[PDB]
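> This one is an experimental structure. Sequence first:
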Amino acid sequence: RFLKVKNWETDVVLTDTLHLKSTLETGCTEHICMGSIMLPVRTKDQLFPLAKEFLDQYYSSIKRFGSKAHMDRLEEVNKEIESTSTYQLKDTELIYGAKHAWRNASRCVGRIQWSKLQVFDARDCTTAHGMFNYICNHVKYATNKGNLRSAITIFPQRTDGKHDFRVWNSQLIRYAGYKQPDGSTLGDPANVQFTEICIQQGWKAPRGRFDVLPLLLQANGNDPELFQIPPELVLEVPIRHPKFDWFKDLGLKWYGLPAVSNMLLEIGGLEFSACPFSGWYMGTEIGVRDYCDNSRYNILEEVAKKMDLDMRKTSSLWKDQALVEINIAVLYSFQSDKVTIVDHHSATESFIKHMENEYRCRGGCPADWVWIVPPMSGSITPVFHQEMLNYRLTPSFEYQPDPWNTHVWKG
Amino acid sequence: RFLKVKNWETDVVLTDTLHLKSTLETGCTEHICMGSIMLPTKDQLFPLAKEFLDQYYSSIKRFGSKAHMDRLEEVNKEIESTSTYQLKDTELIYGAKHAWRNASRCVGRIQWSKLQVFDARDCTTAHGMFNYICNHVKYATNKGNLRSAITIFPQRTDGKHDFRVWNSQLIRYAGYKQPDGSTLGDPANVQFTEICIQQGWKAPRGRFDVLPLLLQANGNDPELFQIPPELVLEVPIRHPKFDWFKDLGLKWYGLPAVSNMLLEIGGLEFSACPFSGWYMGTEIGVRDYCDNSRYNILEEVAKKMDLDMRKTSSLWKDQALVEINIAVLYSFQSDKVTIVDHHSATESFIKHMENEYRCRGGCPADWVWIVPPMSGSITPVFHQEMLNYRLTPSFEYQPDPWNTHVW
Ligand code: HEM
Ligand code: HEM
Ligand SMILES: Cc1cc(N)nc(CCc2cncc(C3CCN(C)CC3)c2)c1
Ligand SMILES: Cc1cc(N)nc(CCc2cncc(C3CCN(C)CC3)c2)c1
Ligand SMILES: C[C@H](O)[C@H](O)[C@H]1CNc2nc(N)[nH]c(=O)c2N1
Ligand SMILES: C[C@H](O)[C@H](O)[C@H]1CNc2nc(N)[nH]c(=O)c2N1
Ligand SMILES: [Zn+2]
């Protein structure tokens, strides 16, 4: 079966066959599209076909499909599954698997980079202290004094679901949020709940606007433990504007390393519940969402006041004008400090070439338009005009419930 | 089966039950989402009529009444005898308003119940269509104080006598491919312009030539008519700060009027049903002016602003974009021509969505189309989960008549 996508700007038409290999469900039906919905213990029974599907893909990729090495490996995994109810991946398979989960991530505009991922195998880790050390090393490697390098650290896979490894932080580096008795918020309002957990767990909060949160780390299903990332490993960038000298006095900064730590990595049916991964920022993530969402730092008003825009009616587009200047400032600041960042024009242009390359060589590139299009200037980027097909391939990154809602406290 | 949508900015959760009444298919499956794809008999007819009449009679609190039953009775007999049926004026008006109410890609639906419906089912000739369209244009324009309207021509019979407006919109600018290899005017309209010329249009070969109407009545060959120039309200574009902006020579038309869609009501198909409201600024300033395949003016504007266009990361494109959109809104407002900015429009839509969930159990919405083409996440619709599904009455796409027409 063949599906066509068209780019309405260029009239380029692509043909997808890769979607034939999709296994997971989308959330949509013939009667309803859930394309804008944010969020729409395995028996041996279900496990071997998942292992087999993965190993077949791995051996095809190395041009050894149907080799004795392939057949022996299937054999070895089958016996390991029937004996132990699970199986261990070889380092090569783990690396291939992590790269492909990223390659398959339909919400990621950065995927041109997918084959360049440093994989840190942390499957020998046993304690929260061990997790802390692994994560410090990931932060140091990935940051690389501002010359950012993509990396993932993979902690032991799920067993019975009662011994999960989890990073309780949604991201490795994030700022605390504090709810004031008057209802105002200090810091990042998005992180108020997690900040409260940390305080409850014994974190001494400085109560400032940009306090780096401690790591809350869970090993082997035990209660999580608090650790402070060494401040010297946390690279930050003071935000200033190239023309507006008052912009520095807004007191803004941000961290250099975007590192998602709350997702689950599925490879060959195995589940890696703790798998922090990082790349580098696209400017709009900070300049549009982190700074300008009403529910985040929400600085649009203050900035517009300082530019002396007409703020009496929305039709002066004061919000849009200020948004642009803020995003110029983010990019300017990171570039000036030689910290890797990419603008939304470059990134979406690179994505289009990646997507086209994927169609030619892979038969498709699953992509979620709602996430791929940047949160400002959408139609002056080429992804806006690109039809996309969203489907789910494995290996994959998946959402999982927040650990505080599901954890059984040992005490 | 009962679906929740969440607003991630406000934490407000709405519960959708309205989707369970949807009939038409989405293009999506359990295995693939096609949310970003632009274009994904007596026995057929009577259940469609019944479903429609049931919802009509429910709407006026007369469900299960004798008048309900009598009407249902009358329609069924008419279908058995004549193979089709005729809508009562009340039903036609109800259906048209609900087609708009159901348009999942329309951000302006808070206005849905305030629609002026012109019944042109008595029309028989292309000259008649022209008169009805001129009257629509003049009524809807109202000297700049725009009023939403639809004009509805006779319904499809055997499919061989279709009424069609060949134009995709009532008011649009011609496009001409030059020897220079460049494109003059609106590049999106080169093909249709060629058809106009082939049909005898004497083209002015300018950059903002209002296309003539190509009107098809009763399945006959389309005829050419020029909308009276004094009925096409246009706005010269200037900027409140940049004096040089007027020198770009830009203008646009005040009346957004879609003429290529098919209105389905009660299984009946109205293949000619031009409708109009008023513009949201970004339609002109972002898409019409800044799409690379349209008037594509970003570079010229950025140069006049003397921006550093060496690096993408200067965001010169984004800066020029905002100023272009400031000029559009300022120009329409200064000339007192109705227009809405994307902040006001999306704020209105959130209020509408909440009304619809509260009073109807849902509101079908296509996020890909609802979120404005600039400044997406600083508008509230960006943070609003939406469910997209197809309800009738509806506006549907239909094939362009020049690939259909047996001349
Ligand atoms: C190397 C440069 C990268 C860039 C420029 C980039 C860009 C982005 C952006 C802008 C988003 C949307 C994030 C948001 O809106 O919250 C995203 C999401 C995502 N990225 Fe990438 N990314 C990069 C690297 C990576 C890497 C190394 C991985 C994994 C190995 C990855 C996997 C994902 C996944 C799974 C999502 C969806 C996250 C979610 O649903 O919350 N990305 N990326
Ligand atoms: C009165 C103010 C109105 C506003 C502000 C408004 C706004 C919009 C906008 C911005 C779009 C997207 C158009 C595009 O991107 O090409 C749209 C689409 C649409 N509108 Fe509305 N509209 C209004 C009136 C109406 C009326 C009166 C009707 C019908 C009676 C209508 C039915 C539709 C339909 C069917 C679409 C989708 C068209 C397509 O798929 O090409 N709108 N509207
Ligand atoms: C690997 C990767 C690369 C990249 N450019 N961005 C990301 C997301 C980064 C990120 C960092 N801190 C916090 C977040 C939050 C912001 C608020 N969003 C609603 C959820 C993600 C996201 C990940
Ligand atoms: C009723 C209505 C209201 C409104 N604000 N916009 C519309 C869309 C109007 C419209 C007018 N001229 C041209 C177009 C084209 C622009 C290019 N698009 C690809 C197709 C639609 C659309 C319709
Ligand atoms: C409701 C909607 O799905 C939600 O606001 C989405 C839209 N697109 C997004 N796109 C990105 N990259 N990141 C996001 O968090 C979101 N949020
Ligand atoms: C491919 C994609 O669906 C296409 O570019 C869409 C995106 N969203 C849109 N939204 C509106 N309102 N109008 C459009 O023409 C489009 N085009
Ligand atoms: Zn879908």
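Right, received. Where do you want to start? Numbering: from 1, shown residues only, chains lettered A, B, ... in the order given. Ligands and ions are numbered 1, 2, ... in the order given.
> ok, the residue nearest the centre of chain A to residue B:163 distance?
Nearest residue to the geometric centre of chain A (CA atoms, centre = their mean): residue A:260, 4.4 Å. Per CB to CB, to the nearest Å, residue A:260 is found 56 Å from residue B:163. Where you see a C-beta, it was placed from the backbone N, CA and C, and this is true even at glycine.
> which parts of chain A sit against ligand 4?
Chain A has no residues near ligand 4, with proximity defined as CB under 6 Å from any ligand atom.
> what domains does the record give for chain A?
A:16-123+A:150-160+A:264-278+A:348-372, A:124-149+A:164-235+A:399-403, A:236-258+A:281-346 (curated CATH domains).
> Ligand 6 is nearest to which of those?
Comparison of the domains of chain A against ligand 6 by CB to the nearest ligand atom identifies domain A:16-123+A:150-160+A:264-278+A:348-372 as nearest, at 6.7 Å.
> The closest one vs ligand 3: in contact?
Yes. Residues of domain A:16-123+A:150-160+A:264-278+A:348-372 are located near ligand 3 by CB under 6 Å from any ligand atom, namely A:110, A:277-278.
> ok, now which ones touch the residue lying closest to residue A:113 once chain neighbours are set aside?
Closest residue to residue A:113 apart from its sequence neighbours, by CB to CB, 6 or more residues apart in numbering or on different chains: residue A:150 at 6.1 Å. Contact analysis of residue A:150 by CB atoms under 8 Å, 6 or more residues apart in numbering or on different chains lists A:113, A:116-118, A:142, A:277-280.
> Dump those residues into CSV; add distance to ligand 6 as well.
Shown next, in CSV, are those (distance: CB to the nearest ligand atom, whole Å):
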residue, distance to ligand 6
A:113, 24
A:116, 29
A:117, 29
A:118, 35
A:142, 34
A:277, 29
A:278, 30
A:279, 26
A:280, 27
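> Drop anything exposed from those residues.
Buried members of those, scored by 16 or more other CB atoms under 10 Å in any protein chain shown, are A:113, A:117, A:142, A:277-280.
> can you map out the strands along the stretch 201-350 of chain A?
Listed in chain order, the strands of the stretch 201-350 of chain A (DSSP state E, counting those that start in this stretch) span A:215-218, A:225-227, A:236-238, A:253-255, A:259-260, A:264-267, A:270-272, A:277-278, A:281-282, A:341-342.
> For residue A:140, give me its contacts.
residue A:233.
> correction: residue A:57
Taking CB under 8 Å, 6+ apart, one finds residue A:100 in contact with residue A:57.
> Let me know the next secondary structure element after the strand or helix carrying it.
Using DSSP states H and E, residue A:57 sits within helix A:44-61. Where DSSP H and E defines the elements, the next helix or strand beyond helix A:44-61 is helix A:68-84.
> Identify the residue of the stretch 301-411 of chain A closest to ligand 1, quick one.
Ligand 1 sits closest to residue A:397 of the stretch 301-411 of chain A, with a gap of 3.8 Å, by CB to the nearest ligand atom.
> May I have the phi/psi pair for that residue?
Taking degrees, to the nearest 10, you get phi -100, psi 130 for the backbone angles of residue A:397.
> next one: the one 10 residues further on
Backbone geometry at residue A:407, expressed as degrees, to the nearest 10, gives phi -60, psi 130.
> Next one: it from ligand 2, what distance?
46 Å (CB to the nearest ligand atom, to the nearest Å).
> Many thanks, we can stop here.
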